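Peer 1: let me see the structure of the following:
(2 chains, ligands or ions: 1)
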Amino acid sequence: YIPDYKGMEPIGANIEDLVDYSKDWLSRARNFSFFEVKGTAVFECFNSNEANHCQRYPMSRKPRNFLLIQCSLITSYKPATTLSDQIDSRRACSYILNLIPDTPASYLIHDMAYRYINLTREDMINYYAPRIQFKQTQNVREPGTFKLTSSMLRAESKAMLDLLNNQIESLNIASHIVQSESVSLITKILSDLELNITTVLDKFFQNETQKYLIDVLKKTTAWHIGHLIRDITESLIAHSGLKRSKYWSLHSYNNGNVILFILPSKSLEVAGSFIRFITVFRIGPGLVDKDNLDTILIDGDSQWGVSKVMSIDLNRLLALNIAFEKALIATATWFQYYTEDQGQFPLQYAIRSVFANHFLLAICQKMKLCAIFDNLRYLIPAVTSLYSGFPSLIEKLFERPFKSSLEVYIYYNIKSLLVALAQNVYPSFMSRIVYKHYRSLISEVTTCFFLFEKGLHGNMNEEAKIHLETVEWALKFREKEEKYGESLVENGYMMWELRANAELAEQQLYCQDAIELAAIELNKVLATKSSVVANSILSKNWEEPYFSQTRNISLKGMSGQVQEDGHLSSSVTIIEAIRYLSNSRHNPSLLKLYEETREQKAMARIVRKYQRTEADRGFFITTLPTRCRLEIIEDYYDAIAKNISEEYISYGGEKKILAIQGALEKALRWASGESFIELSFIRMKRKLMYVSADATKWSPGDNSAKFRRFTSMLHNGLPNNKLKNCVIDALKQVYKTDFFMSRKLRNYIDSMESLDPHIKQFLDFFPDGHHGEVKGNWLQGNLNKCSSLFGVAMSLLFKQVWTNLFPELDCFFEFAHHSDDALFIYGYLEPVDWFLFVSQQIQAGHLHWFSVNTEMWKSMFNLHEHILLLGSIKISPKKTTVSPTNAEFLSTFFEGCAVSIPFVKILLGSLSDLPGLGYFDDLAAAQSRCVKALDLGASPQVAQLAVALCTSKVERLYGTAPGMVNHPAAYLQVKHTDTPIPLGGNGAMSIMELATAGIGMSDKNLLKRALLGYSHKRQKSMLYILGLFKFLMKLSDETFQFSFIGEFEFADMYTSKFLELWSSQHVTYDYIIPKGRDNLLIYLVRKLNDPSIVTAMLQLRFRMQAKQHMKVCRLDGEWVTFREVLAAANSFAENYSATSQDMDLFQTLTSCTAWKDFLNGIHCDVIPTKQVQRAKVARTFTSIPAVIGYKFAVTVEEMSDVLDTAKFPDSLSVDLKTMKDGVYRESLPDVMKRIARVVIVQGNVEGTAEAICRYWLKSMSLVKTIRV
RNA sequence: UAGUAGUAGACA
Ligand SMILES: [Mg+2]
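Peer 2: Residues are numbered from 1 along each chain as shown, chains lettered A, B, ... in the order given. Dropping the coordinates below:
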C-alpha cells in the first residue's frame, strides 16, 4: 500500500550561490586535463616510456613462443580422409623412423612412431574404424588412439614426461637489435603466408568478390595452411573426449609432410584442462619459428622441424579450428571497407598481405596481443584528435612485458603508425596504403581486435583482479569517511564547506547544492511533460505481482542464502523465486516484496564477464532483496528517463543511433550561419567542437547517496510523494552492501601459505575472510538509468550556470549520456573587436570574463568538468578526446552526420556462437546474424560470403555436408536440394531473400515447388517431399525460429506426469504467466524441467562433435539419432498417401504465405557513372499472447490471470474477433496452437520497407552503380 | 625458458 517513509526536506540552495562560486573559480588560472597532440609530443612520450620500461622489467635474452601450432606447406592441400590419413601416417612413420633423435621431444616422437608402425593388422583395422564397427583390443582402446606404457618408453621420453607432469621478464624493446630481429622474423612469416602455391546477386558476387578476393586468396599458402590447421584441430578435438584423452594418438596430413602426435591429457570437458601435442613438419614456408622449434632433425637433403610440446585449452583450440574463416571474414570486411574508402578494388599484393596478417592474428591467440590491440583501439582516436589524454594511454601501453617476438613487431608497427598519425590521409596498419577517411582505419584496427576470442585471461589471476578494484575503492571510501566524518560523506558537503576547503570537490563526495540545482534544472524540463511522466511512472508494474514478470523468471543468475562455509551461494533467479514462493503464502507485488525484505542487508558477489579487454571486467551477482530494490529504483528512473531526451540509455537498443544522429544533425544545422553580439553589433563565427567523454570509475568511484537528494527534488506528475519516498528508502537500503569474495579466490589465498604485503592488504578488507562491507558504491550495472539521468541533470546545471555567467553570448550545447559513455557538443563563438569587448567586460568588474578571450571552449570544458565533479562524475583524462570534426559514441564513429557501425562483431560471432538448439534452429540463427550484419552496413557480397562460410561450418559439424555420414542424398532419394532443412537440406539461400522474405523461406518455397509438381504433374517425387513435410508436421504436433522442426534443488518437487496433466488441463498458461502462488509455482517447476531450459543451464561447441552420433533428436516421444530419423522419413514418405485435409492445408499455406519474384523480377544495368560513397545514415523498417490466453481460458483463476496480463482489460474479446479476421485474411484449437529493424543506409535512401530492399539491390555492386 | 598464464604463488 506504499507506506510512508522519511521524505527529505529541501534546503536553501540558490543558483546564484553556484554562479558566484563559478565566477570565483573561473577568475583564476586552471590546468587543462588534456594535451594537444603533436608528432614531437607522441615521439617524446614513446621514448620516455621506452627508457622507463628498459628498467621496469628484467631483460630476457630469449624471446618466447607465440605460435600455438607450427606447420609448413609447399604444395596444395587436400582435405584429409580416413584412407589418406592411414596412408600418410604410414609414410610419415617410415620417414620418422629413419631419423636420429637428439632431444627428449625427438626421443618421444621416435618411440611413438616406432610403436604405431608396429601395431598389428587388427589394431590398424580397428584404428580409423567408426564407433559402431570398433572393437576393443590390447593395443587400441578407442577408434583413434593407442596405448604406450613405460615398457616401450625410453629414458629420455620418461624424463620429458616427468618434465611435463612436474619472475616475469620482458624483451629489451628499447634495443634496436631486438626490434630488428622481431621485425625480420615476423616479416619472413608473413611473406611465407603470402606466397602462391602452385540470380543478380550471384553474377555480381562472381564479378566483384570472387574475381578480386576469393580467386586471389585461393592460391596463397595462408589459405591451404588454414585448411591444414582446421584438419589438425579437428583431430585434436576428436582426441579431447572424456574417453580418448588418456591415450596417445598419431595423425598425418599432406602426404606425410605434417605429423601430429597427441600425448595423454585431461579431457577438455573438465574445466582448466589442456591437450598436449607435438607437431613434426618438413621445414619450409609457413608457420615456422626456428628459434622456438624444439629441434630440427637433418634428413638427407631435408629438414624436419619438431616443435615444443604445446598445451592448448578449449578456448584456443576452438579459436584455431575456425580461424581460416575468421581470417577470411576479416579480409572480406577489410575489402569492403577499402572499396568504400578508395572507391576501387584492392590490388593482389595488398589483399594477400592483409589476409596473411589476419590469419597470423587469428592463429596467435595470445592475451598480450589482445591487450595491445585493446590499447590501440583507444590510442588511435587519441592521436587524431585536437586534444586528448594520449600520454596516459601510451603509459598504459608500456605497462606490459613484451615477451613474444610478435608483440615487439606489433608494438613497432603501432609506434610508427601513431607517430605518423600525430604528425598529420590516414596510414593503414597492416598495409602500405593510405586511407582517405578515419573510419576505415578505425574499423581496420577494430577488425584486428575482434579476431581475438573472449576469455584469453589467466583463469586464476583474474578473479583477484576483478576484486581488487572494488576493494581498493571501498578502502578509499572508508578513508574519506574517517577523514571527513560519516555524516558529511553520506549526506554531502554544503556549498560553504566547498568554498572554505576546496579539497572536497572530488570523487565519492558530492555537494548538496549541486544535486538540488541539477534536479531543479531537470524538473524545469519535466514540468512541460509532467502528465506523461506520471503516466509512464504508473505504467510500470508497481502493483503487479513481482514473480509474474519475465525478468524474475529468467536464468540470469543470482545469489543465495549464506551457507555454513561463510560464502554466498550461486543459484539462478528461478530457483530463488521458487524457494520464496514455497516459503511464502502469496505472490506479492514489487512494493510489498520490498517492504517484506527491507530489513535484509544487501549481499553481492562478482563473476567474470569473459571479455576481450586488457583487464577483465567483472559483473556483480546480487541477492533477491537487492534485486528488488534496484528494480524499484530502475523502474522509477527509467519511467522518468524516457520523457527526457539527451539520455540515450532509456532508448531501445536500435533507436540510439537514430537519436544520436539526429542530435548531431541538429548541431550541424545550428553551426550554419553566424551570431551577432551587441556592442552596448559584432559578427561572430559559430564553431562546433565535439568531446567524446568517458568516466574514470562510473560505479566504483561514486556515491549512490546523492541520488537520494536527486529523488527528493525530481518532480514527477504524481500528486503524493509516497512512490518518491519509497524510491528514496530503496536508495537508502542499497547504500551498504556485503561484498563476498568467490570460492576460487578463497582457495587461492588458502593455498598460498605465505602472503605478500599487497595480498595481506587485500585480505584485511574482509574481517572474517569471506565478506566485507562496501559503502556508497552501487555495483556495476545496477543503477544505469538513474546515473545517466543524474549526469544529464548535472550537464543541464552546467549549461544554466554558463548561460547565467555570460548572457551576452548565445552559445550552443548538447549532451548525450549512455551511462559512463557520453558526448558533449559545444558550439562556441570565434572572432572573424572581440578582445576590446573582453577587456571592457574585465574592466567592468566581470573578472570571470577573461577565461573566454581565447579558446573559450577550454574554459567551457573546465567549468563543465568541475560542475560534474560537484556531483561525483569524473571525466576520464585518458579516454576523452576533443575534435572539431569527429565523434565516438555507443561504440560507433560519427563524421558529423555520417555513421560507421562495426558489423564485424556479429559476422565473426556467427561461427563462434552457435545456440545448439537444433540443426535447423542453429542454422537459422547463424543465418540470422548475417542478416543483422547486412542491416548494420555489411555489403550483400560480404554477407553472402559470410553466410556461405557459416552454413558450410554447420553442415560440416552436423555431417549434413555431402560425402559425409549424415548426407540426406544417400538415404532420402533426393538431390539434397529438394530436402527439407530440418532433415538436412542444402541451406544455401541468397542473403537477399533471408534479409527481405524471411529465414524459413527455403522450406516454404520448396513446398510451392512441391505443390506445383503435385498438381500439374502428380509426380511421385513430389509426393515423397509431401510425405517428408507431413513427417515434420507430425513431429511438430507430437513435441510441444518459427517453423516445424524435426537434478536441481526444486525440479523434483512435482512428478513429471503431474506436470503433463496440469499442462494439458491449463492450456492458456502456455501463453501467459500465472499470478496465483500455487499456479505460478507449478508453472516454474514445469519450466525447470523443460529440455531447452535444462540444456541452456564454448563447452557445447566442443561437445557437439561427440553429440553428432548420439541420440539428440525426438521421435515418437523417444530420444533417437538423426540417421534413424532420416530412415524413418524415407519409410514414412514411401508409405505416405495423400489426404484431402493435408492438400487443403498446403493450398492455404501456399496461397497465404512471394518476395522472391520481386527480387529477381526487377532489372539492373550499369549506369555510366562510377560509384560514389555518401555519408551513411540509419533508417527503420517501415498483447497478442493475451487473446490466445483468452481463447483457452476456462477456469476463474485462468480468466483472472489473462485479464490481468492484458494491457487492455476488457477489450480482449473484440481484439480476438479482429485477430480472427486477420487469421482469415492469412478458430480450431489445433490451428490456433500451430499458428501461435534499423539498417545503415546511404544518405539518399528512403525509409520504406521496400526502399531499403532497393538500396540493398543497389549495394550488390561495389564499384559500379546500377539502376532498377 | 614444455606450453597457456602471470610483475597473485595456477593448471599440477
Ligand atoms: Mg567513449
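Peer 1: any idea how many residues pack against the closest residue to residue A:796 other than its chain neighbours?
Peer 2: Distance criterion Cβ to Cβ, 6 or more residues apart in numbering; nearest residue to residue A:796, sequence neighbours excluded, is residue A:521 at 4.2 Å. Bear in mind the C-beta positions are built from the backbone N, C-alpha and C, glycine included. When counting by other Cβ atoms under 10 Å, one arrives at 21 neighbours for residue A:521.
Peer 1: so residue A:521 sits in a helix?
Peer 2: Yes. Looking at residue A:521 with DSSP: H, G, I helix; E, B strand; the rest coil, it is inside a helix.
Peer 1: how about the contacts made by it?
Peer 2: A:793, A:796-797, A:799-800 (Cβ atoms under 8 Å, 6 or more residues apart in numbering).
Peer 1: please apply the same query to residue A:1219.
Peer 2: Contacts of residue A:1219 by Cβ under 8 Å, 6+ apart are A:1184, A:1187.
Peer 1: what do you get for residue A:754?
Peer 2: Listed by Cβ under 8 Å, 6+ apart, residue A:754 has no contact partners.
Peer 1: now, the contacts of residue A:521 that are in helices?
Peer 2: Among those, the ones falling in helices (DSSP state H) are A:793, A:796-797, A:799-800.
Peer 1: show me the helices in the stretch 51-200 of chain A, by range?
Peer 2: A:82-97, A:104-117, A:121-126, A:155-164, A:176-194, A:200-204 (DSSP state H, counting those that start in this stretch).
Peer 1: determine the set of other helices and strands touching the fourth one.
Peer 2: With contacts defined as 3 or more Cβ pairs under 8 Å, 6 or more residues apart in numbering; DSSP states H and E, helix A:155-164 has these neighbours: helix A:104-117.
Peer 1: if we use 10 Å, what do you get?
Peer 2: helix A:104-117, strand A:275-282 (3 or more Cβ pairs under 10 Å, 6 or more residues apart in numbering; DSSP states H and E).
Peer 1: give me the contacts around that helix.
Peer 2: Residues from elsewhere that reach helix A:155-164 (Cβ atoms under 10 Å, 6 or more residues apart in numbering): A:101-112, A:148, A:150, A:153-154, A:263-265, A:276, A:278, A:294, A:309, A:311.
Peer 1: need the contact list for residue A:1218.
Peer 2: Contacts of residue A:1218 (Cβ under 10 Å, 6+ apart): A:1187, A:1211.
Peer 1: that one looks like it's in a strand, true?
Peer 2: No. If the criterion is three-state DSSP, then residue A:1218 is helix and not within a strand.
Peer 1: residue A:830 - that's part of a helix, no?
Peer 2: No. Counting by three-state DSSP, residue A:830 is located in no helix; its state is strand.
Peer 1: break chain A down into its domains, please.
Peer 2: A:15-25+A:463-546+A:588-869, A:71-321, A:904-1046+A:1120-1158, A:1162-1181+A:1237-1268 (automatic domain parsing).
Peer 1: indicate which one of the ones you listed is closest to the ion.
Peer 2: domain A:15-25+A:463-546+A:588-869 (4.2 Å; Cβ to the ion).
Peer 1: how about the closest one and RNA strand B, touching?
Peer 2: Yes. Using Cβ under 7 Å from any atom of the strand, domain A:15-25+A:463-546+A:588-869 reaches RNA strand B at A:464, A:467-468, A:745, A:748-749, A:751-756, A:758-759, A:762.
Peer 1: how many other residues sit next to residue A:1211?
Peer 2: 13.
Peer 1: quick one: contacts for the spatially closest residue to residue A:1171 that is not a sequence neighbour?
Peer 2: Counting by Cβ to Cβ, 6+ apart, residue A:1265 is the residue found nearest to residue A:1171 once chain neighbours are left out, at 5.1 Å. Residue A:1265 makes contact with A:1165-1172, A:1258 under the criterion Cβ under 10 Å, 6+ apart.
Peer 1: neighbours around residue A:897, how many?
Peer 2: 15.
Peer 1: filter the contacts of residue A:1265 down to the ones in helices?
Peer 2: Using DSSP H, the contacts of residue A:1265 in helices are residue A:1258.
Peer 1: pull up the pairing partners for the helix or strand hosting the residue nearest to residue A:1171, direction included.
Peer 2: Using DSSP states H and E, residue A:1265 sits in strand A:1264-1266. Strand pairing for strand A:1264-1266, determined by DSSP bridges: strand A:1166-1170 (antiparallel).
Peer 1: in ChimeraX, how would I select the buried members of the contacts of residue A:1265?
Peer 2: With 16 or more other Cβ atoms under 10 Å as the criterion, this ChimeraX line picks the buried residues out of these:
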select /A:1171,1258
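Peer 1: of the contacts of residue A:1265, closest to residue A:577?
Peer 2: residue A:1258 (50.8 Å; Cβ to Cβ).
Peer 1: what count of nearby residues applies to the closest residue to the closest one other than its chain neighbours?
Peer 2: In this structure, residue A:1258 finds its nearest non-sequential neighbour in residue A:1266, 6.0 Å apart by Cβ to Cβ, 6+ apart. Residue A:1266 has 17 neighbours, counted by other Cβ under 10 Å.
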